[PDB]
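In structure tokens, one chain follows: the form deposited in one PDB entry.
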């Protein structure tokens, strides 16, 4: 956790570069398991050879470790941080909608900066365009003091649309969190579940209301169950407007709300543990259900859930406030 930090760090830099700049998925993946296992390792790696002893640890990585340990740097690592092409790709990628793949093509055509992109706004698709337009807004975190206003917003509209809606703002917001990065709304309705063959309106009618009132500003992606978009809190009495915030709405069959709700509420760490325990208690949990584990090796059969309560219970645990859902 700090005993082999630098090693796991340079390791991740190296790994990440493989995938992003080069295409070395294998290589990339290599650096990863490596950084993974050295992270667990209980000692203070004093040498290459020592590391090597580890699985996932080959001759090449060991080489790297050695040089790093020996000299506070790494040449390859140094050379990579200089390289324009590499830095360019790391940057482009910052734009929502731009992935490494596209990051390469742009750079190859010479688009390396923001200006570059504006100049060639023609080459970008919608998401990408939006991504570019709200570059800055996009990177700003979200003060919960804002979140509450928004949550307040969304909730009132869904309500006015159909009283049977059930909306939940999951995320860190849900877990206390002073600020968040984006707004996750989980949605369900009684009229929608496992078997119930579809109902798009379900999602589209609200999306619509939200835009209606001008909360939703753009659309990144709009499928029949998940909607990716842009939104913003009405600027009061013009002098101080709000940054555009990224939002995500998503349909959930009533019979699988709380699992996802639970789930999405994170944090990863809270999840797994809850997950590992579910296991002991003779169960299973994933993003939509909690099944009773048979013994034959495994089994199934979606247990019925009416609240986040029903799930803890199940695993015979202490119902945890969302706030404390920490780790």
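Numbering follows the first chain given and starts at 1.
Annotation: residue 197 belongs to the positions left without coordinates in at least a third of the other compared entries, with flanking residues modelled. Two stretches are in play, 291-299 and 31-39, and the higher mean C-alpha B-factor belongs to 291-299.
Per-stretch averaging of Cα B factors for 91-99 and 187-195 places 187-195 on top.
For the set 21, 25, 305, 14, the maximum C-alpha B-factor listed in the entry falls on 305. In the deposited coordinates, the residue among 61, 259, 45, 274 with the greatest CA B-factor is 274. Ranked by C-alpha B-factor against the other modelled residues of its chain, residue 116 falls in the middle third.
The PDB entry assigns residue 163 a C-alpha temperature factor belonging to the middle third of its chain's modelled residues. Per the deposited record, the Cα B-factor of residue 8 falls in the lowest third when ranked against the other modelled residues of its chain. Among the modelled residues of its chain, residue 68 has a C-alpha B-factor that falls in the lowest third, as given in the PDB entry. Ranked by Cα temperature factor within the chain, residue 205 sits in the middle third according to the deposited record.
The next section is about a form of this same protein that is not shown, the form deposited in another entry.
Annotated hinge between this form and the one not shown: 82, selected from 302, 69, 54, 82 as the site between the two rigid parts.
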